[PDB]
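Structure first, commentary second.
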Amino acid sequence: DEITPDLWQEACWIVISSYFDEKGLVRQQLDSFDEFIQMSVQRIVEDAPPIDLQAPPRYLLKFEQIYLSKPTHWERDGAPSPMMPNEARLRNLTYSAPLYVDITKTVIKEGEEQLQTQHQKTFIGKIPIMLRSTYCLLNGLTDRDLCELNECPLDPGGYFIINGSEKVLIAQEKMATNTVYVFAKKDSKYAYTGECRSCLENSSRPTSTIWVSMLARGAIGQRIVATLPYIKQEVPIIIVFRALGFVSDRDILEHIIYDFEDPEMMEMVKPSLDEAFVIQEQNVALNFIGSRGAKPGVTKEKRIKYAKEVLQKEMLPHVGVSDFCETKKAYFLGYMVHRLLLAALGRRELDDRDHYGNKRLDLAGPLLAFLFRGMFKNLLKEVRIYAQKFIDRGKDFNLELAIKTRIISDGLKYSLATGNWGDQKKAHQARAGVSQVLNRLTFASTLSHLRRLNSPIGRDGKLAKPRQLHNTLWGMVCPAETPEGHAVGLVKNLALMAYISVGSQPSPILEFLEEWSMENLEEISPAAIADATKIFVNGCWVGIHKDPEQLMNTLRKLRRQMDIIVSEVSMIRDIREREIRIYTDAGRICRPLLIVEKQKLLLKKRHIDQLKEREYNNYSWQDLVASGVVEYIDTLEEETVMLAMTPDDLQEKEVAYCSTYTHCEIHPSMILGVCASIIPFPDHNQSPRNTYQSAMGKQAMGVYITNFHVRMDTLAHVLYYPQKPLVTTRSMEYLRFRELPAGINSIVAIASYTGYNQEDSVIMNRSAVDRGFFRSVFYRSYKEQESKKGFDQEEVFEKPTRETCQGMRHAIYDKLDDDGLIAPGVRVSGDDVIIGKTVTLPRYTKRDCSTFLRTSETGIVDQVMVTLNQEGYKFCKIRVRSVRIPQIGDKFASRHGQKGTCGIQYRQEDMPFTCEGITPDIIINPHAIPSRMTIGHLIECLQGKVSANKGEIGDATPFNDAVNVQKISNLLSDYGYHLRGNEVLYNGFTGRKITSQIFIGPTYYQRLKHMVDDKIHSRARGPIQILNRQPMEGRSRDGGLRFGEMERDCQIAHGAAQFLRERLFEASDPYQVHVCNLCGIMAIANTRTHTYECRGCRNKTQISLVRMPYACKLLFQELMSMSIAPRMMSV
Amino acid sequence: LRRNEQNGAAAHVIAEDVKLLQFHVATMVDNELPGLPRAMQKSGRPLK
Amino acid sequence: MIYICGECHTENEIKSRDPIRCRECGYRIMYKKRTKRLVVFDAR
Amino acid sequence: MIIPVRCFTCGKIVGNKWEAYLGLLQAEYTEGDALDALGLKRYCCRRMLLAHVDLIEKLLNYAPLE
RNA sequence: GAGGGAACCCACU
Ligand SMILES: [Zn+2]
Ligand SMILES: [Zn+2]
Ligand SMILES: [Zn+2]
């Protein structure tokens, strides 16, 4: 039976709860890593060619079968142990699993049979393991087992541990491969250009890009040329077709123009035929191609081989790379030329770069596969060099000594540790920030960082189009969550039900198409192409079909029952262009949609009833997918579907605005991401305020993880009393915000009281703050280790002695124990030693290199942990705890972009009060509201008053007609309050009623990480830089502030020349030099002996003292190093 | 190159040493000039 | 001095330059004792 | 993490009410009736118990170092 | 009574 509209909200949140019970939130990272480990590593090992080595004896090395173990640790003893993630985090280990491989070495001598050596399970490096993946040791463990291992069961996984640091792989956007995209290059010689970044499927190789372009009108006619890989000049397209093996113009035009009754395509291909008439043979065309190669060979036959290698191996690898597969390549190149002509005629629209179905998302799988492909090539190269050396002069080589496991191990470790995605010696020419340190300030920040997408377009670009919120981002990318500043629009976040496809083999779909009446390209005359539908499988034109509608019906029926076609395969029928494109590759972002047949949902009450007992029936989300009820639609397929926003669009009368709905949104509020789903009433706010809250929800202090006592993070922040919001969204039930909340429901009165809340400020209740309101804990970890940097050098944790250690920092050392480490529970201040480390000097046999506490960061040593690092030295980590009571200048934000620092704190007797004696916890200014139009803040406050009076958690799902401001007002008036949330407040100071009535009620506030005590900084005089002798950088180094160029301009406009001289000369770097009065060069001055001598002039009396900045002296000496003579003349 | 001119040496090795000296002096002054490889520290980072 | 083993909850005497290993279970992560010094908290 | 001793706004004792509130909720009370039975009349005291997340129970599932 | 630089990333106004 059909789901009634009164049960629809409950049913749709049931199916959403089923989806998040199965998939979770970091499914894309785990799925990509599992595909990389299970399939991509073995495929990379296979596609690597066997090593053939001759001096002579012949040696053939063939890598056959990989073996991956579980993550094990080997200490200096050498006994393996099951290495746990907390052990990796605490001991600064890399959570990696050893990768073995089966190698076969065959020996081919002269007059001797082949000899087989089976080197089974040969260790070739260590693969870092994503947490909670298949090969992690936490896989399949219950929550009790995770708690017994000191792991948080709410922790999502999806990250790596590299040297004890948690690293997340940000997903990387790229243009889709194997797809023809025609653009119009502006201000160039090309009117239009077709582009195909061709990459061969089932393999990890770089993408070869071909440009089939057309020259501009400004030339008798406009001609089509081809820019091929490894070819320096542009080649006319008819020459490429002739070199492919088709000399006649009729065959080339049959490959290009499918309907010969179309004269304008003939008119536009006329100039290319006229240009390339002088070549008429395949070998002459191959000669013309090879004449413009990377290195043109002197032998014509060498040019023929090079041109054939370019046209076969490097021209469109995806349609075919083997021998005698040139007709498929010719049909694809003709299709590219046909698409170019269609764009030239205006008969087909130009492709959109920002269209997000033209983009793929490289997740951890593809990125790690690219790395491992390069490094396995490097490992085979080094094995080849070693075995070549020991077959050249010697006769035999040991294979276990040939393999350098440091290559794979340290390359993966380096690229995951630094984020530079490439090689260590080529860091400047590799993409950076692919791997980032995982944000652990809030659980919401952890989730948002684990579901983070990145456009690798430079942030210095001032064009707006990649930063714009495209239409095709609906349901795939959160429209609110983007950073502010240089990375706006470029860094994106996943929507909650968005899933990035993991990849599949096209072989079942290809076989099914072969015997479902699709005729191949090799077996058809071109005359049949004009009326038939071209079929593309992963961008490979494989054939044509005469009945495309029943073919798409059959394909959808197969995918909906999880037959031959798997669920993540995208199938798009371009009906107007007569094309069917089937995509199975990875990186396609999709989302599940309810299937609608004849204005009715296929989701019935039986599915909802079965899903209500998910843990009884064993009915899950995957059963709902297999039932043909929901299906995953990606961005390219979504451009052909007809979405009902709600089932109310289906059950509509005579003018439904559409009678051909194909899909229905499960819930529209699922278009938001993790951080935008905690906003209550987001559709009542201005959109930049939702963006600002999506930014600040990652800076909100709550309880970031459950096992924070085990962890020693460098920066950690724990609220005393985090509360779940009184006004929640239903999407917050799957972000675990009810279990790890970040904030407190606060009685907020929006009023102007004493003027101390003006310009985005809040007044806090000091009496509330005394009771623990928004009190937090700051944890800081300090790491130190003994290191044997040489035989004589020996750092050691010792309690130092004043008459024995060189160069102490005049501090106390009594709080250290005699192991050199401070004890837990000891109060520490900014000038205190917490780790006493001395290094032996090669009577002061050792000097002080003790670890000091960061200045002005008073606190108490919470924990001290002693362990062994990777290379077996003593390693200490000390967590110091400091209690942060809310202060004037601490940043606080509601969930609506209402950031603001605390301006003052009043006690309970000074704050305004209601007739029940309720004082606000926070008073905010009214003027924060009108220009912002954060009406969702007011509705959250009203709904929270209703929720706290009724004893319930208010629902603030965005698009909900059951919740209305009038309904909340009537509910509030039912509880003895004014219906609009106003109350009569009395002045705290005088007791008189405030003439206006104050809006007051519970609103969820967040304490942001930005305390004033982490930012207050003054310098009188102190440390200076070595080179320019100017003050240092930042409060952490007791540095000075920069009196920059704009400040210099402002003080010029003020006319204050002596203040300008004070700031830029004698508050930064005074210096005195002695210059010759004749040559103007700095002289040699001995001030002790009064010997002022100038070499180059024989001058010992015409020397003058000049006061200049030290940076100006350094500038003049640098100029003299550049053979410039800056001569300071005192006349 | 002092060694290669104090004792006898070929013209081409002297020209190659002159080329290396010219490259080193130019990259001491200007390390971001186009057309030539950048002078790099052994860690792979270029020199300043 | 006395370090608690992270896994087996037992206290162990460790001298200087002794490798940090639990004599019971061979666990390499160990924690210092809470100090005996007298620390006063205002109850605020 | 644990129930606050005082209501933040007014300072009424709510630290002795969390287990009683959980027992009332286990006894099929609604949340509003459970709050009314405990004498929490002001909504400032009601947000103490209504919005409390008792994280200390899940913290007690970890084996203690000390 | 004060001994590194560089690179990259995140964030703030
Ligand atoms: Zn002179
Ligand atoms: Zn132990
Ligand atoms: Zn109260």
Side-chain angles (χ1 to χ4, degrees), chain A residues 162 165-170 172 414-422 424-442 445-446 448-450 452 454 456 458-459 482-488 490-491 493 675 692 694-701 713-715 717 759-760 789 802 805-812 830-831 833 839 841 847-852 855 889-891 893 899-901 1008-1012 1014-1017 1019-1028 1031-1039 1041 1046, chain B residues 40-48:
Chain A
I162 313 290
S165 185
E166 292 167 335
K167 311 285 189 170
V168 63
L169 282 186
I170 312 298
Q172 303 286 319
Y414 165 78
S415 302
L416 283 164
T418 52
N420 306 314
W421 210 252
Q424 194 152 354
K425 60 209 172 298
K426 307 147 155 62
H428 45 75
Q429 65 182 357
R431 38 189 179 172
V434 180
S435 180
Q436 297 183 4
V437 179
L438 173 70
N439 214 330
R440 283 265 194 202
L441 193 148
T442 315
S445 49
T446 305
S448 174
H449 202 192
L450 281 159
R452 184 148 300 159
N454 172 75
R459 281 94 180 103
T482 187
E484 293 83 3
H486 63 298
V488 59
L490 299 183
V491 183
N493 264 269
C675 287
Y692 298 154
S694 294
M696 293 182 286
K698 303 180 272 220
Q699 297 146 35
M701 294 183 286
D713 304 299
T714 311
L715 276 293
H717 283 282
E759 295 260 25
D760 306 342
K789 290 177 54 162
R802 177 62 183 96
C805 283
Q806 156 84 46
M808 288 172 172
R809 302 303 113 198
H810 274 98
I812 64 173
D831 303 349
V833 191
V839 55
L841 266 182
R847 89 175 294 268
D848 186 74
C849 59
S850 298
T851 285
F852 266 92
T855 48
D890 283 2
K891 214 174 160 180
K899 61 175 78 66
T901 57
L1008 305 188
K1009 67 181 290 294
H1010 315 273
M1011 283 73 74
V1012 65
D1014 302 310
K1015 293 180 190 304
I1016 175 175
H1017 168 50
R1019 177 205 177 95
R1021 268 193 305 261
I1024 51 159
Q1025 311 169 41
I1026 303 302
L1027 184 50
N1028 42 66
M1032 282 279 204
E1033 294 293 328
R1035 47 190 316 276
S1036 51
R1037 312 218 271 280
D1038 197 12
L1041 298 176
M1046 284 188 96
Chain B
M40 296 156 150
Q41 183 62 255
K42 276 318 194 307
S43 55
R45 65 182 294 275
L47 281 198
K48 169 180 261 184

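Proteins get letters first, then strands, A, B, ... in listed order; numbering begins at 1 in each. Keep in mind that the numbers below use all heavy atoms, side chains included, and drop hydrogens, waters and symmetry copies.
- One donor-acceptor pair, N or O on each side, does fall under 3.5 Å between the base of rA2(E) and the side chain of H810(A).
- At least one side-chain nitrogen or oxygen of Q699(A) sits closer than 4.0 Å to the OP1 or OP2 atom of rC12(E).
- Shown here for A487(A) and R459(A), the closest heavy-atom pair between the two residues is CA-CG, 4.0 Å.
- The residue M696(A) sits apart from the nucleic acid: no heavy atom pair falls under 4.0 Å.
- One atom, NZ of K42(B), and another, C1' of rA6(E), lie 18 Å apart when rounded to the nearest Å.
- Around atom CD of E1033(A), no more than 12 heavy atoms belonging to other residues, nucleotides or ligands sit under 6.0 Å away.
- Rounded to an integer number of Å, the gap from CG of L490(A) to P of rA11(E) is 12 Å.
- Taking 4.0 angstrom as the limit, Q436(A) places none of its side-chain polar atoms (N or O) nearer than this to OP1 or OP2 of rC9(E).
- We find that NZ of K425(A) is positioned 17 Å from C1' of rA7(E), with the value rounded to whole Å.
- Rounded to an integer number of Å, the gap from CZ of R1021(A) to P of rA2(E) is 11 Å.
- Side-chain atoms of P483(A) lie closest to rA11(E) of the nucleotides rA11(E), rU13(E), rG3(E).
- Under 4.0 angstrom from either OP1 or OP2 of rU13(E) there lies at least one side-chain N or O belonging to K891(A).
- The distance between atom NE2 of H486(A) and atom P of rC12(E), rounded to the nearest whole Å, is 11 Å.
- Under the rule for a ring pair (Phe, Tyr, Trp, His ring centres under 6.0 Å), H449(A) has no partner lying at least two apart in sequence or in another chain.
- Nearest-nucleotide assignment on RNA chain E puts the 5′-proximal partner with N420(A), out of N420(A) and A487(A).
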**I1024(A) vs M1032(A), side chain to side chain contact (heavy atoms under 4.5 Å, CB included): CA-CA, chis, key distance, verdict** = CA-CA 5 Å; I1024(A) 51 159; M1032(A) 282 279 204; 5.7 Å; no

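- If you check distances only, the side chain of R809(A) does reach the base of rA2(E) with a donor-acceptor pair under 3.5 Å.
- Rounded to whole angstrom, the span from the CG atom of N439(A) across to the P atom of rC9(E) amounts to 16 Å.
- Nucleic acid contact class of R452(A) (heavy atoms, under 4.0 Å, all strands): none.
- Side-chain atoms of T442(A) come within 3.5 Å of backbone atoms of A700(A) as a donor-acceptor pair (strictly under, hydrogens ignored).
- Among the atoms of the strands shown, only primed sugar atoms or phosphate atoms (P, OP1, OP2) are found under 4.0 Å from some heavy atom of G433(A).
- Here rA11(E) presents its P atom at 13 Å from NZ of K1015(A), a figure rounded to the nearest Å.
- For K899(A), whose side chain is taken as the heavy atoms from C-beta onward, the closest listed nucleotide among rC12(E), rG5(E), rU13(E) is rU13(E).
- Spacing between atom CZ of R459(A) and atom P of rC8(E) amounts to 13 Å, rounded to whole angstrom units.
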